[PDB]
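Colleague: Structure in structure tokens, see below.
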Amino acid sequence: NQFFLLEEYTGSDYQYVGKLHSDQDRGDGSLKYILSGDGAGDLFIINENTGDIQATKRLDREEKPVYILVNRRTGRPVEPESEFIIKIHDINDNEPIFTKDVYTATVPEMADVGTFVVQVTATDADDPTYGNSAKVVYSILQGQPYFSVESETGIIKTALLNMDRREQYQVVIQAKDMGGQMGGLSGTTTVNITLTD
Amino acid sequence: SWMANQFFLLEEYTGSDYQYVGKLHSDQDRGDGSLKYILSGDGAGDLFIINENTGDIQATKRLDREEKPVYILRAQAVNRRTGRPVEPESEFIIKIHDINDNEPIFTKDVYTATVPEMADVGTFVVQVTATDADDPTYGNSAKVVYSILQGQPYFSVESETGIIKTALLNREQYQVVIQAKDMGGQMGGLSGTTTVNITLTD
Ligand SMILES: [Ca+2]
Ligand SMILES: [Ca+2]
Ligand SMILES: [Ca+2]
Ligand SMILES: [Ca+2]
Ligand SMILES: [Ca+2]
Ligand SMILES: [Ca+2]
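Just so you know, the protein sequences line up as chains H and C, in that order.
Taken in order, the first sequence gives residues 58 to 126, 131 to 226, 229 to 260; the numbers are from the UniProt record's numbering.
Taken in order, the second sequence gives residues 54 to 223, 229 to 260; the numbers are from the UniProt record's numbering.
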């Protein structure tokens, strides 16, 4: 089977992970299931009779993504040393974060349109491999008209022909989750551009 | 016996691929081809597609939890050769996982309210309320945070309850706009506003 479990559970009762149902299981009370791992007794808790496993705390995926997982009368082991995947599933709950709070850049005065100024980057602590939670899109908030930024790549280019020293510009770039669709989390950075003479 | 796997998918999937939902499976299966899995119920056959050989369920459409949060389907497992069940036909649930795609909406659009003129600081005026269609079970996509956008020095709002209070110690009408926003303490998310009129008694 597969044992996922949604992160950041906000409620007050235990979280059902799933049950270990052996093909060796007879049907009656012939067997009992045993815990195997770190947290397996307080964090994860097992129903001895059935193999039902439940979690006991609210879990943050970003803090730990993955977890490592006999007869009632005799105790004779009919199963091998167990190990399953308890991978905490992902929700979008981390803001995109730029790699630098202030990017300092310069661009030649007599510059053609599309002239590279500086490239900005935002990491995203969420799962880039499930949903759009970490698909970040870059947009310009201040400095607009004079400069452009590539939605996907975060490359800032000059977007104006007639540009001579106003020597200085302050550009604000937004990064946003969910391929930029409304509802996504966002971060900003400021870019100080001086025109080189 | 049916293996008690879970069945889910994210809402509002923006990819031309079909989403994997889960695997129906039983003890009696032998990785053999001897079993035929059958899927019936609301959606089966067009909304939800099953591999009869492995028991893999896929979803075809982009779904919306706020429209419909859980689906009840029926699972069967029959012998190919004999045509007989190896498992009893059972209902099972497909859960639709949430994305933050609903704004907090205030109960009223205009909250007309009143409070005495000579009132002390922190005198309760009115409690505004916003609700959020998203899922309160996981994260903050549906936990709203109240904040004041207009009505400064004059008035205050309680962050988690939406109670408006007098913020002064010393005009008759006051236009106060309260904002509600999910994903508190985080930039982004979704927000809603409301106008609250305050007239002082004289
Ligand atoms: Ca988290
Ligand atoms: Ca994110
Ligand atoms: Ca996360
Ligand atoms: Ca929705
Ligand atoms: Ca939603
Ligand atoms: Ca929401």
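Built from N, CA and C at the ideal position, the CB exists for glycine as well.
#1: In whole angstroms, what is the alpha-carbon distance linking residue 224/C and residue 201/C?
#2: Just checking: is the beta-carbon of residue 192/C within a distance shorter than 7 Å of some beta-carbon in chain H?
#3: Let me know if residue 178/H comes out buried or exposed under the rule of 16 or more other beta-carbons within 10 Å of its beta-carbon.
#4: Quick one: what's residue 255/C bridged to in DSSP?
#5: Report buried or exposed for residue 114/C, applying the criterion of at least 16 other Cβ atoms within 10 angstroms of its Cβ.
#6: What residues from chain C crowd round residue 146/H, counting only those whose CB sits closer than 8 Å?
#7: Using three-state DSSP, classify residue 59/C as helix, strand or coil.
#8: Below 6 Å CB to CB, which residues in the same chain sit around residue 80/C once its five sequence neighbours on both sides are set aside?
#9: Output, in chain order, the set of chain H residues within a Cβ distance shorter than 7 Å of residue 77/C.
#10: Pop quiz: residue 219/C and residue 235/C are said to be a contact at Cβ under 8 Å. What is the actual Cβ separation, rounded to whole angstroms?
#11: Assuming residue 152/H and residue 184/H form a contact by the criterion Cβ under 8 Å, report the distance between their Cβ atoms to the nearest whole angstrom.
#12: Less than 7 Å between CB atoms is the rule here; does residue 88/C satisfy it with respect to chain H?
#13: For residue 259/C, collect the residues of the same chain with a Cβ closer than 8 Å to its Cβ; drop the 5 residues on either side in sequence, then sort them by chain order.
#14: Below 7 Å on C-beta distance, what does residue 112/C contact in chain H?
#15: Just the C-alpha distance for residue 78/C and residue 137/H, rounded to the nearest angstrom, thanks.
#16: Classify residue 129/C as helix, strand or coil using the three-state DSSP reduction.
#17: Using a 10 Å radius around the Cβ and a threshold of 16 neighbouring Cβ atoms, would you call residue 118/C buried or exposed?
#18: If the cut is a Cβ gap below 7 Å, which residues of chain C does residue 65/H touch?
#19: Using only CA atoms, which one of 131/C, 143/C, 243/C, 61/C lies nearest to residue 89/C?
#20: Take every Cβ of the stretch 67-75 of chain C, pair it with every Cβ of the stretch 180-195 of chain C, and state whether three or more of those distances are shorter than 8 Å.
#21: Under a CB-based cut-off of 7 Å, is residue 156/H close to chain C?
#22: Since residue 93/C and residue 127/C should fall inside the 8 Å C-beta cutoff, what is the C-beta to C-beta distance between them, to a whole number of angstroms?
#23: Go ahead and pull the three-state DSSP assignment for residue 96/C.
#24: Any idea which residues DSSP pairs residue 79/C with across the strands?
#25: If we count the other Cβ atoms within 10 Å of its Cβ and call it buried at 16 or more, is residue 87/C buried or exposed?
#26: Can residue 246/C and residue 239/C be called in contact, C-beta distance under 7 Å?
#27: Going by beta carbon distance, what residues of the same chain come within less than 8 Å of residue 180/H, once the five residues before and after it are set aside?
#28: For a test of the three-state rule: what should DSSP assign to residue 90/H, helix, strand or coil?
#29: Given the structure, does residue 118/H come close to ligand 1, in the sense that its CB is under 6 Å from one of the ligand's heavy atoms?
#30: Roughly how many angstroms separate the alpha carbons of residue 58/H and residue 58/C, rounded to a whole number?
#31: Closer than 6 Å by C-beta to residue 210/C: which residues in its own chain qualify, once you throw out the five before and the five after it? Chain order, please.
#32: Can you check which of these residues, 112/H, 154/H, 224/H, is closest to residue 173/H by C-alpha distance?
#33: Please confirm whether any heavy atom of ligand 5 lies closer than 6 Å to the CB of residue 154/C.
#34: Could you name the residues of the same chain whose beta carbon sits closer than 7 Å to that of residue 206/C, not counting the 5 residues immediately before and after it, in chain order?
#35: Can you name, in chain order, every residue of its own chain whose Cβ lies under 7 Å from the Cβ of residue 203/C, other than the five neighbours on each side?
#36: Could you tell me whether any Cβ in chain H is nearer than 7 Å to the Cβ of residue 153/C?
Modeller: With the structure as the only source:
#1: Here chain C breaks off after 223 and picks up again at 229, leaving residue 224/C without coordinates.
#2: The count along the second sequence starts at 1 and reaches residue 192/C at position 139. Yes, because at least one Cβ of chain H sits closer than 7 Å to the Cβ of residue 192/C.
#3: As a first step, residue 178/H must be located in the first sequence, where it is residue number 117. Counting Cβ neighbours within 10 Å, residue 178/H comes out buried, since at least 16 surround it.
#4: Sequence index remark: in the second sequence, residue 255/C carries index 197 (1-based). Answer is 165/C, 233/C, bridged to residue 255/C.
#5: For the purposes of this step, residue 114/C is identified with residue 61 of the second sequence, where counting begins at 1. Exposed, because fewer than 16 other Cβ atoms sit within 10 Å of the Cβ of residue 114/C.
#6: Position 85 of the first sequence, counted from the first residue, corresponds to residue 146/H. Listed along the chain, the chain C residues whose CB falls inside 8 Å of the CB of residue 146/H amount to none; the nearest CB is some 13 Å away.
#7: Working through the second sequence from its first residue, we reach residue 59/C at position 6. The answer is coil: DSSP assigns residue 59/C none of H, G, I, E or B.
#8: Numbered from 1 along the second sequence, position 27 holds the residue referred to as residue 80/C. Same-chain partners within the cutoff: 54.
#9: As a working mapping, residue 77/C is identified with position 24 in the second sequence. Neighbours of residue 77/C on chain H: none; closest Cβ ~12 Å, over 7 Å.
#10: Along the second sequence, read from residue 1 onward, the residue named residue 219/C stands at position 166. Along the second sequence, read from residue 1 onward, the residue named residue 235/C stands at position 177. Incorrect: roughly 17 Å between the Cβ atoms, too far for contact.
#11: Residue mapping note: residue 152/H aligns to position 91 of the first sequence, counting from 1. Residue mapping note: residue 184/H aligns to position 123 of the first sequence, counting from 1. Between residue 184/H and residue 152/H the Cβ distance is about 17 Å, and since that is not below 8 Å, they are no contact.
#12: Along the second sequence, one-based indexing puts residue 88/C at 35. With its beta carbon at least 7 Å from every one in chain H, residue 88/C lies outside the interface.
#13: Numbered from 1 along the second sequence, position 201 holds the residue referred to as residue 259/C. The answer, listed in chain order, is 167, 168, 169, 170.
#14: By 1-based counting over the second sequence, the position of residue 112/C is 59. Those do not exist, as residue 112/C stays about 14 Å from chain H at its closest Cβ, beyond 7 Å.
#15: The residue given as residue 78/C occupies position 25 in the second sequence. The residue given as residue 137/H occupies position 76 in the first sequence. Rounded to whole angstroms, residue 78/C to residue 137/H spans 28 Å at the Cα level.
#16: Here the question's residue 129/C lines up with position 76 in the second sequence. If DSSP states are grouped into helix, strand and coil, residue 129/C belongs with the strands.
#17: Walking along the second sequence from the start, residue 118/C turns up at place 65. Here residue 118/C is buried: its Cβ has 16 or more other Cβ atoms, across all protein chains shown, within 10 Å.
#18: Working through the first sequence from its first residue, we reach residue 65/H at position 8. Within chain C, the residues whose beta carbon sits less than 7 Å from that of residue 65/H are 191, 192, listed in sequence order.
#19: Working through the second sequence from its first residue, we reach residue 89/C at position 36. For the options 131/C, 143/C, 243/C, 61/C, the alpha carbon positioned closest to that of residue 89/C is the one of 131/C.
#20: Touching, no.
#21: Within the first sequence, the letter at position 95 stands for residue 156/H. Taking Cβ atoms only, chain C reaches closer than 7 Å to residue 156/H, which makes this a yes.
#22: Here residue 93/C corresponds to residue number 40 of the second sequence, with the count starting at 1. Here residue 127/C corresponds to residue number 74 of the second sequence, with the count starting at 1. That pair is a contact at about 4 Å.
#23: To locate residue 96/C, count along the second sequence from 1; it is residue 43. Under the three-state reduction of DSSP output, residue 96/C falls in the coil class, being neither helix nor strand.
#24: Taking the first residue of the second sequence as position 1, residue 79/C is located at position 26. 55/C.
#25: Position 34 of the second sequence holds residue 87/C. By the 10 Å Cβ count, residue 87/C comes out exposed.
#26: For the purposes of this step, residue 246/C is taken as the residue at position 188 of the second sequence. For the purposes of this step, residue 239/C is taken as the residue at position 181 of the second sequence. Contact: no.
#27: As a working note, residue 180/H is residue 119 in the first sequence. Once the five neighbours on either side are set aside, the close Cβ partners of residue 180/H are 214, 215, 216, 217.
#28: Taking the first residue of the first sequence as position 1, residue 90/H is located at position 33. Collapsing the DSSP output to three states places residue 90/H in coil.
#29: On the first sequence, position 61 is the one that residue 118/H refers to. Because some heavy atom of ligand 1 lies under 6 Å away, the Cβ of residue 118/H counts as near it: yes.
#30: Here residue 58/H is taken as the residue at index 1 of the first sequence, counted from 1. Here residue 58/C is taken as the residue at index 5 of the second sequence, counted from 1. Each residue's Cα considered, the two are about 7 Å apart.
#31: As a first step, residue 210/C is located in the second sequence; it is residue number 157 there, counting from the start. Contacts found: 199, 201, 217, 236.
#32: By 1-based counting over the first sequence, the position of residue 173/H is 112. For residue 173/H, the nearest C-alpha among the options comes from 224/H.
#33: Position 101 of the second sequence, counted from the first residue, corresponds to residue 154/C. With a threshold of 6 Å, the Cβ atom of residue 154/C counts as near ligand 5, since some heavy atom of the ligand is closer than that.
#34: On the second sequence, residue 206/C is found 153 positions in, with the first residue counted as 1. Cβ neighbours of residue 206/C beyond the five flanking positions: 220, 221.
#35: Numbered from 1 along the second sequence, position 150 holds the residue referred to as residue 203/C. Contacts found: 233, 234, 235.
#36: For the purposes of this step, residue 153/C is taken as residue 100 along the second sequence, with counting starting at 1. Contacts with chain H at 7 Å (Cβ-Cβ) include residue 153/C.
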